[PDB]
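Have a look at the structure below before the remarks.
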Amino acid sequence: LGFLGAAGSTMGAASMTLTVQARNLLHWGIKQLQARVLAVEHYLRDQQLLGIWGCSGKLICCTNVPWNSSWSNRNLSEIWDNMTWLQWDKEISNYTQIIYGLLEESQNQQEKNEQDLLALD
Amino acid sequence: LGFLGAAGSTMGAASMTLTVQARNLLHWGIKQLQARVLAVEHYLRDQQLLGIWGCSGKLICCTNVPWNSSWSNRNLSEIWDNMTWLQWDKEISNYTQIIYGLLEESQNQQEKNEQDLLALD
Amino acid sequence: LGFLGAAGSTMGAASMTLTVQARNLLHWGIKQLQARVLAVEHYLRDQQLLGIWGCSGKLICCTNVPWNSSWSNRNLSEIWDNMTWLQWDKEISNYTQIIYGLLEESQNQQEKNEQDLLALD
Amino acid sequence: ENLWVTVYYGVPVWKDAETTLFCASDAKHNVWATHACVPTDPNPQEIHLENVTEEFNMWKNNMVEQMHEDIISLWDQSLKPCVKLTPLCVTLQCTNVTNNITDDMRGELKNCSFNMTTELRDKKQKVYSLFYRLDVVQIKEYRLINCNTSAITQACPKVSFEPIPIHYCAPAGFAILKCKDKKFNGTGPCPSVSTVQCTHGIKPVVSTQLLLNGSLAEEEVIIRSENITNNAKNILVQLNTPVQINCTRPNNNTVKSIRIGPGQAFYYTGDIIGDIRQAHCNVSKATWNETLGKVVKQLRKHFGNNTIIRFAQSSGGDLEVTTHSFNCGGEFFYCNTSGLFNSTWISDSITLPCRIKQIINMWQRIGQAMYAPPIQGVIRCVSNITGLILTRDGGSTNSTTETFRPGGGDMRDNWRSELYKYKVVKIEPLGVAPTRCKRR
Amino acid sequence: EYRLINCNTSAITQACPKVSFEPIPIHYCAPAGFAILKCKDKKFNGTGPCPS
Ligand SMILES: *[C@@H]1O[C@H](CO)[C@@H](O[C@@H]2O[C@H](CO)[C@@H](O)[C@H](O)[C@H]2NC(C)=O)[C@H](O)[C@H]1NC(C)=O
Ligand SMILES: *[C@@H]1O[C@H](CO)[C@@H](O[C@@H]2O[C@H](CO)[C@@H](O)[C@H](O)[C@H]2NC(C)=O)[C@H](O)[C@H]1NC(C)=O
Ligand SMILES: *[C@@H]1O[C@H](CO)[C@@H](O[C@@H]2O[C@H](CO)[C@@H](O)[C@H](O)[C@H]2NC(C)=O)[C@H](O)[C@H]1NC(C)=O
Ligand SMILES: *[C@@H]1O[C@H](CO)[C@@H](O[C@@H]2O[C@H](CO)[C@@H](O)[C@H](O)[C@H]2NC(C)=O)[C@H](O)[C@H]1NC(C)=O
Ligand SMILES: *[C@@H]1O[C@H](CO)[C@@H](O[C@@H]2O[C@H](CO)[C@@H](O)[C@H](O)[C@H]2NC(C)=O)[C@H](O)[C@H]1NC(C)=O
Ligand SMILES: *[C@@H]1O[C@H](CO)[C@@H](O[C@@H]2O[C@H](CO)[C@@H](O)[C@H](O)[C@H]2NC(C)=O)[C@H](O)[C@H]1NC(C)=O
Ligand SMILES: *[C@@H]1O[C@H](CO)[C@@H](O[C@@H]2O[C@H](CO)[C@@H](O)[C@H](O)[C@H]2NC(C)=O)[C@H](O)[C@H]1NC(C)=O
Ligand SMILES: *[C@@H]1O[C@H](CO)[C@@H](O)[C@H](O)[C@H]1NC(C)=O
Ligand SMILES: *[C@@H]1O[C@H](CO)[C@@H](O)[C@H](O)[C@H]1NC(C)=O
Ligand SMILES: *[C@@H]1O[C@H](CO)[C@@H](O)[C@H](O)[C@H]1NC(C)=O
Ligand SMILES: *[C@@H]1O[C@H](CO)[C@@H](O)[C@H](O)[C@H]1NC(C)=O
Ligand SMILES: *[C@@H]1O[C@H](CO)[C@@H](O)[C@H](O)[C@H]1NC(C)=O
Ligand SMILES: *[C@@H]1O[C@H](CO)[C@@H](O)[C@H](O)[C@H]1NC(C)=O
Ligand SMILES: *[C@@H]1O[C@H](CO)[C@@H](O)[C@H](O)[C@H]1NC(C)=O
Ligand SMILES: *[C@@H]1O[C@H](CO)[C@@H](O)[C@H](O)[C@H]1NC(C)=O
Ligand SMILES: *[C@@H]1O[C@H](CO)[C@@H](O)[C@H](O)[C@H]1NC(C)=O
Ligand SMILES: *[C@@H]1O[C@H](CO)[C@@H](O)[C@H](O)[C@H]1NC(C)=O
Ligand SMILES: *[C@@H]1O[C@H](CO)[C@@H](O)[C@H](O)[C@H]1NC(C)=O
Ligand SMILES: *[C@@H]1O[C@H](CO)[C@@H](O)[C@H](O)[C@H]1NC(C)=O
Ligand SMILES: *[C@@H]1O[C@H](CO)[C@@H](O)[C@H](O)[C@H]1NC(C)=O
Ligand SMILES: *[C@@H]1O[C@H](CO)[C@@H](O)[C@H](O)[C@H]1NC(C)=O
Ligand SMILES: *[C@@H]1O[C@H](CO)[C@@H](O)[C@H](O)[C@H]1NC(C)=O
Ligand SMILES: *[C@@H]1O[C@H](CO)[C@@H](O)[C@H](O)[C@H]1NC(C)=O
Ligand SMILES: *[C@@H]1O[C@H](CO)[C@@H](O)[C@H](O)[C@H]1NC(C)=O
Ligand SMILES: *[C@@H]1O[C@H](CO)[C@@H](O)[C@H](O)[C@H]1NC(C)=O
Ligand SMILES: *[C@@H]1O[C@H](CO)[C@@H](O)[C@H](O)[C@H]1NC(C)=O
Ligand SMILES: *[C@@H]1O[C@H](CO)[C@@H](O)[C@H](O)[C@H]1NC(C)=O
Ligand SMILES: *[C@@H]1O[C@H](CO)[C@@H](O)[C@H](O)[C@H]1NC(C)=O
Ligand SMILES: *[C@@H]1O[C@H](CO)[C@@H](O)[C@H](O)[C@H]1NC(C)=O
Ligand SMILES: *[C@@H]1O[C@H](CO)[C@@H](O)[C@H](O)[C@H]1NC(C)=O
């Protein structure tokens, strides 16, 4: 189970290696600087997105957005055992923009307001 | 609803857009790199202030530091419903370093010890 | 107790200053840019490591991984009151990689699984 | 009551700031930015900010300085691969040209010859070419202008000088504010403010005494200066209507070239085909007459009632500031603007003579010089005036009259006419507030 | 009479006598966030799916 050794594995099996994958995410002088700056800017963008979702403290988290069955006509056991993450990512690639927008609107925007009201009272 | 569209809104109304604003915060080759490196450093420094305060998990948080209302003689409705954030920033421009110092020292130092004492037993 | 003034004190006393230390952790154009970029990558890697451990929100945290008695033949109160951090770091320098691996492997891998089951219910 | 400190992130507050801006362009070789920059956003966004009165001050705008340094460095890069003319500083014996010529001031065009080197170190050749009087100084024996002051570099003939628009875009964490208010004088609070990711494209058009190919005022002629009461200051006038400029060179000049050394070649003016005639530029009389009347009316508002306003040609200084510089086809022209400013105001066309110079120094730098290659054939160039640069001869309190003369000599003042609209600010997302709340 | 070839076209620079032209093996490595995949197949014509 080296880096990306999980790539051919079922989506469920792959969950065992998430930590390992995370560890590997982080004029000649100009070439070095452009590559390094981009690696950092990219890294931070992913972390900011999790921070909006409130999931930044975890590799795995749950959300309050319900699944739209039209995104994929499959059973839970079907997805977790009969597919790889590579196949899955392609299958729902049309809806990733929608899901990200829903996570912010349905959870982040709603929860911060309700918690503020409780704090205010 | 777009970036800085909240500038004319009241401080209370403006709070709806905080997430939107957050998303947009993140020879010639040298000049371009200096701008990008500094943009990253500035971003990280603000995150460090929140991390010390313990507020880094949220866009909005409460603290244990009392307002000390003599800093400005205004009512909450006079501030939140009748004024912009742009105007507010000027009203407390001479107290900002004081408030930040209070948060780092008067709150975090007490909280870390009480949490450790509970952990010890 | 200025920057690194704590270094002369015993390990227990040094804990008072952790915030002070935290504040200071963050042709010719190439030298300037490379120095800044490397400082940032190092900073971010330490935060990533804490995130794996689940301690990213705190200066001080506890884990459920047991201490190996072979790592150091000393009393707990002896270490805190009779040593400096500079001395302590040398005595366990052979075991640092082992401890870091245990925190990642032996505890956080289990908690993510239990949380998934609780969230599922 | 029991108010507490709270913290907010993402707060919509900005502060004045200066930062490097990223150049971009909508745009085979050209001296301009297209080689040094990236493609623009095809659909720029703009957000109006309601109830915002943000202050602008064009005279302190750092964007002007940033553009200047980028333009100078950009221009210099185009000459780095190009041919050096150091071997050409010679005795250069010359004689008067005799032909079917209507001429100019006598001696304006000369027939010169010199001993020049060849591809081989062992051999020399005798050559001849035409030169303009402006490029030749008497020692009969002559020297090329600046042979005793600087090296001369030949511009590469393949490279176009035609202006290409330049856009500037903010880096993350920064934003560019734009003043939309009509009839803004460049200073004070702007009643209507909006935010843009990038600026409108600005063409690097170089001219003196008149502003060419720029933006027009939306409704009426706008007069602005750093200090309206200080006669030393340049006054920029933006027109609300265009006035065209039609320039031509009728002579049908030809171009010949000779290889010099193993790595270089030199281009020079050959025999002129047909009659030799004076280069010139037209200015419409009727259009200009109306244009001046509008400017005078606005000047009276700034300088008071019943003041007689006159215009005149510059009293002195170098050719760069006493004449109107053009770049058409890569040829550099200097024209006498007298007759445009020859008027007094109380209550079909003009033809201006022009001269051509092949040795120029666009940025007025000591120790630098460039030789333009000659352009073959007849040149026609059509462009327009979008503003004027004026100075006062006044400051006197002893008269009921006032006189204006053309200003110029500082390229930064031309860019101000397009950049006065913009300001750069930094976004500061962190802030605090009193609202009552509790926490564990 | 003769001319060195291309005196009519370009300047000529003498190679420095102390500089060898002997090849040195070069390895290329990925930046962080990237990885290089290697095809292990045999009789591969450089295109299409690689089975390993
Ligand atoms: C070309 O011809 C003109 C006209 O004859 C020459 O200009 C004259 O120069 C002389 C001698 O100094 C003066 O006395 C005249 O007043 C000039 N005539 C003008 C200005 O109309 C000119 O010098 C000749 N050029 C050469 C190189 O011989
Ligand atoms: C380069 O040569 C020109 C021409 O000789 C010099 O300009 C002259 O300067 C003297 C000083 O006595 C004057 O009397 C002349 O009127 C000038 N001639 C012209 C045609 O303007 C120039 O000074 C020399 N070098 C520099 C740096 O100026
Ligand atoms: C643009 O117009 C404004 C007024 O709309 C000018 O503001 C002046 O500021 C001075 C400051 O001492 C005041 O004394 C003046 O009373 C203000 N206006 C007037 C009409 O007096 C501003 O200076 C103008 N900018 C320029 C460059 O002229
Ligand atoms: C201006 O000069 C050019 C040549 O430099 C003339 O172009 C020539 O036109 C004749 C027409 O019969 C052709 O045969 C030649 O081959 C052309 N020469 C070229 C293309 O180099 C042009 O006609 C002249 N313009 C005039 C006389 O008005
Ligand atoms: C600018 O205006 C002048 C004056 O009308 C034009 O001069 C005439 O040009 C034509 C050829 O285009 C000649 O046949 C006339 O004899 C000229 N009139 C004169 C010399 O009095 C001139 O051509 C105009 N320039 C342009 C580019 O249109
Ligand atoms: C533009 O041309 C005018 C002439 O049309 C030049 O001015 C003349 O200067 C002489 C000497 O001072 C005066 O006697 C004339 O009265 C002026 N104009 C006349 C008489 O019409 C003017 O200097 C030229 N401008 C440039 C920059 O060369
Ligand atoms: C001002 O803009 C006009 C329009 O682009 C320029 O006229 C063009 O010039 C180019 C380059 O010579 C020609 O290819 C175009 O055909 C011209 N357009 C016409 C004649 O309609 C004019 O040259 C510009 N002025 C300056 C000083 O650059
Ligand atoms: C490949 O498939 C086999 C079953 O055919 C499975 O046992 C093995 O774990 C899979 N390999 C990976 C990397 O998923
Ligand atoms: C699922 O997606 C479709 C298409 O956007 C939408 O019409 C439907 O309302 C969605 N269902 C949600 C909660 O069910
Ligand atoms: C998914 O559930 C349906 C229920 O009818 C079943 O018919 C189908 O075979 C299931 N798919 C898989 C892959 O088990
Ligand atoms: C996903 O998007 C691609 C690109 O538009 C499209 O070809 C594919 O059919 C889509 N998949 C769907 C709609 O299931
Ligand atoms: C308000 O705060 C200031 C310090 O900023 C303090 O000096 C003053 O006494 C305070 N007023 C109180 C606590 O009533
Ligand atoms: C603030 O307004 C409330 C009513 O909303 C009023 O009861 C209170 O006295 C005000 N506080 C002041 C004026 O300090
Ligand atoms: C809002 O503030 C303005 C001054 O900016 C004041 O004139 C007005 O009375 C305030 N409105 C209230 C308190 O309702
Ligand atoms: C804050 O300082 C400024 C000068 O920098 C002063 O004009 C203003 O009155 C001060 N505010 C308070 C509340 O003292
Ligand atoms: C503690 O250290 C000993 C070696 O001194 C090792 O054999 C034992 O497995 C360790 N216990 C752990 C790592 O839990
Ligand atoms: C640890 O404490 C014991 C008594 O519990 C004592 O005998 C021993 O010397 C101590 N070890 C030290 C100080 O290293
Ligand atoms: C730490 O313990 C040693 C034991 O020899 C003692 O000599 C030393 O003085 C102690 N340091 C203290 C008490 O600060
Ligand atoms: C740590 O390793 C070094 C290697 O030289 C060794 O000398 C030292 O005794 C080791 N420390 C312990 C406590 O084993
Ligand atoms: C000023 O703010 C108010 C907030 O309700 C907004 O309705 C208004 O449109 C803004 N400006 C103008 C000119 O209306
Ligand atoms: C001048 O015109 C005449 C008559 O057309 C022509 O013969 C002559 O060649 C032209 N110029 C010269 C220098 O001969
Ligand atoms: C070129 O050199 C020769 C020999 O000195 C001389 O006769 C001739 O006049 C020179 N040509 C020029 C244009 O000076
Ligand atoms: C313009 O210059 C005059 C000279 O007396 C000065 O008095 C005035 O303050 C200046 N106006 C400005 C700087 O706006
Ligand atoms: C150029 O000629 C046009 C007519 O073709 C005329 O309308 C315009 O005024 C001229 N521009 C000048 C003289 O600057
Ligand atoms: C320059 O003088 C030479 C003398 O031989 C003549 O051949 C040539 O045609 C002249 N050039 C011009 C443009 O008159
Ligand atoms: C400009 O036109 C007006 C009539 O509209 C005329 O009176 C005036 O004399 C003309 N030009 C000048 C310089 O007066
Ligand atoms: C002169 O003053 C009158 C009012 O008395 C005004 O109508 C006119 O426009 C003024 N003229 C100017 C400012 O040129
Ligand atoms: C310029 O104005 C003066 C004074 O009215 C006049 O004598 C002169 O002829 C004018 N020049 C031209 C070219 O009209
Ligand atoms: C002025 O010249 C510019 C050159 O680009 C042209 O785009 C503009 O339409 C002209 N203005 C006129 C003819 O009114
Ligand atoms: C240089 O000489 C070579 C000899 O083969 C010839 O082929 C070539 O055209 C020449 N180059 C030039 C630029 O005349």
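Numerical summary
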{"item": "Integer Hz, Karplus 6.51/-1.76/1.60 couplings in order for segment D:332-344, x for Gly and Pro", "result": "9, 10, 10, 10, 7, 7, 4, x, 8, 10, 8, 7, 10"}
{"item": "FRET efficiency for A:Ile98 and E:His27, using Cβ-Cβ distance with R0 set to 45 Å, rounded to 0.05", "result": "0.55"}
{"item": "Cβ-isolated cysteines (cut-off 4.7 Å), chain E", "result": "E:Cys7, E:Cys16, E:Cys29"}
{"item": "Residues whose placed amide H lies under 5 Å from that of D:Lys256, excluding near-sequence neighbours", "result": "D:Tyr268, D:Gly270"}
{"item": "FRET efficiency, 1/(1 + (r/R0)^6) with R0 25 Å, evaluated for A:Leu120 and B:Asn68 via beta carbons", "result": "0.85"}
{"item": "Proximal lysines to D:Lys15, defined as alpha-carbon separation beneath 22 angstrom and excluding residues fewer than eight positions away on the same chain", "result": "B:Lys31, B:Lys90, D:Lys60, D:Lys178, D:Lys180, D:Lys421, D:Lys423, D:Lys426"}
{"item": "Equivalent ellipsoid, segment A:49-91 (semi-axes from 5 times Cα gyration tensor eigenvalues, Å)", "result": "23, 13, 10"}
{"item": "Label-point separation, E:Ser10 to D:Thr149 (7 Å along Cα→Cβ), nm", "result": "3.8"}
{"item": "Around C:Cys61: net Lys/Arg minus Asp/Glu count, Cβ-Cβ under 11 Å", "result": "+1"}
{"item": "Under Karplus coefficients 6.51, -1.76 and 1.60, residue-wise ³J(HN,Hα) of segment D:57-66 in Hz, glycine/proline x", "result": "8, 5, 6, 10, 6, 6, 5, 5, 5, 5"}
{"item": "log10 of Debye I(q)/I(0), alpha-carbon scatterers only, for the protein assembly as shown at 0.04 Å⁻¹", "result": "-0.30"}
{"item": "Reachable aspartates and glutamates from B:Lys112, criterion Cα separation under 18 angstrom, eight or more residues apart if same chain", "result": "B:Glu104, B:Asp121"}
{"item": "Spin-label pair B:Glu91/D:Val90, simplified geometry with 7 Å Cα→Cβ offset, distance in nm", "result": "8.1"}
{"item": "Distances in nm from B:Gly57 to the matching label points in the other copies, shortest first (labels 7 Å along Cα to Cβ)", "result": "0.2, 0.2"}
{"item": "Amide proton proximity set for D:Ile152, modelled H, under 5 Å, gap of 5+", "result": "D:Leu85, D:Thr86"}
{"item": "Nm distances between copies for C:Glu111, ranked from closest, using label points 7 Å along Cα→Cβ", "result": "1.7, 1.8"}
{"item": "Virtual spin-label span in nm between D:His35 and C:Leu38, 7 Å along Cα→Cβ", "result": "3.6"}
{"item": "Sequence of D:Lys60, A:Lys58, D:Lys80 once ranked by neighbouring C-beta atoms within 10 Å, starting from the fewest", "result": "D:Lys80, D:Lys60, A:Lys58"}
{"item": "Hull shadow area, averaged, chain D [alpha-carbon convex hull, nm²]", "result": "30.7"}
{"item": "Charge dipole (debye, nearest 20) of the protein assembly as shown; +1 at Cβ of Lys and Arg, -1 at Cβ of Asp and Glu", "result": "3920"}
{"item": "Pairwise centroid distance, computed over Cα atoms, of segment B:62-121 with segment C:1-77, Å", "result": "27"}
{"item": "Distance from segment D:378-430 to segment D:45-90 (C-alpha centre basis), Å", "result": "16"}
{"item": "Dipole axis of the protein assembly as shown (+1 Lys, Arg; -1 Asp, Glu on Cβ), positive-most option in B:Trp88, B:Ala14, D:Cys82", "result": "D:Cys82"}
{"item": "Distances in nm from B:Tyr95 to the matching label points in the other copies, shortest first (labels 7 Å along Cα to Cβ)", "result": "5.0, 5.1"}
{"item": "Charge dipole (the protein assembly as shown, unit charges on Cβ, about Cα centre) - positive-most of A:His42, D:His29, D:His280", "result": "D:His280"}
{"item": "Within straight-line cross-link reach of D:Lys123, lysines at Cα separation under 29 Å, skipping those fewer than 8 residues along the same chain", "result": "D:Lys80, D:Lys84, D:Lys110, D:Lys140, D:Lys158, D:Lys256"}
{"item": "CD proxy at 222 nm, helix term only [per DSSP H run n ≥ 4: -39500 (n - 2.57); per residue of chain D; nearest 500]", "result": "-3000 deg cm²/dmol"}
{"item": "Within chain B, helix-based [θ] at 222 nm, where runs of 4 or more DSSP H residues each add -39,500 (n - 2.57), nearest 500", "result": "-16500 deg cm²/dmol"}
{"item": "Beta carbon of chain C nearest to the axis of the rotation taking C to A, residue and angstrom distance", "result": "C:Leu33, 3"}
{"item": "D:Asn115/B:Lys31 FRET efficiency (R0 41 Å; Cβ-Cβ; nearest 0.05)", "result": "0.30"}
{"item": "Order of D:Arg277, D:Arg380 under a 10 Å beta carbon neighbour criterion, fewest first", "result": "D:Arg380, D:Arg277"}
{"item": "Segment A:1-120, dipole about Cα centre (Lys/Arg Cβ +1, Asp/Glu Cβ -1), debye to the nearest 20", "result": "540"}
{"item": "D:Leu210 long-range amide H proximity, modeled H, under 5 Å", "result": "D:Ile389"}
{"item": "For segment D:196-212, Karplus couplings with θ = phi - 60° (6.51, -1.76, 1.60), whole Hz, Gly/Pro x", "result": "10, 5, 9, 7, 5, x, 10, 7, x, 7, 9, 7, 10, 6, 9, 9, 10"}
{"item": "When chain A is reduced to its Cα atoms, the Kirkwood hydrodynamic radius in Å", "result": "17.3"}
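All of the numbers you see were taken from the coordinates with simple rules; none came from a lab. Reconstructed Cβ throughout: ideal geometry from the backbone, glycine too, with neighbour counts over all protein chains shown.
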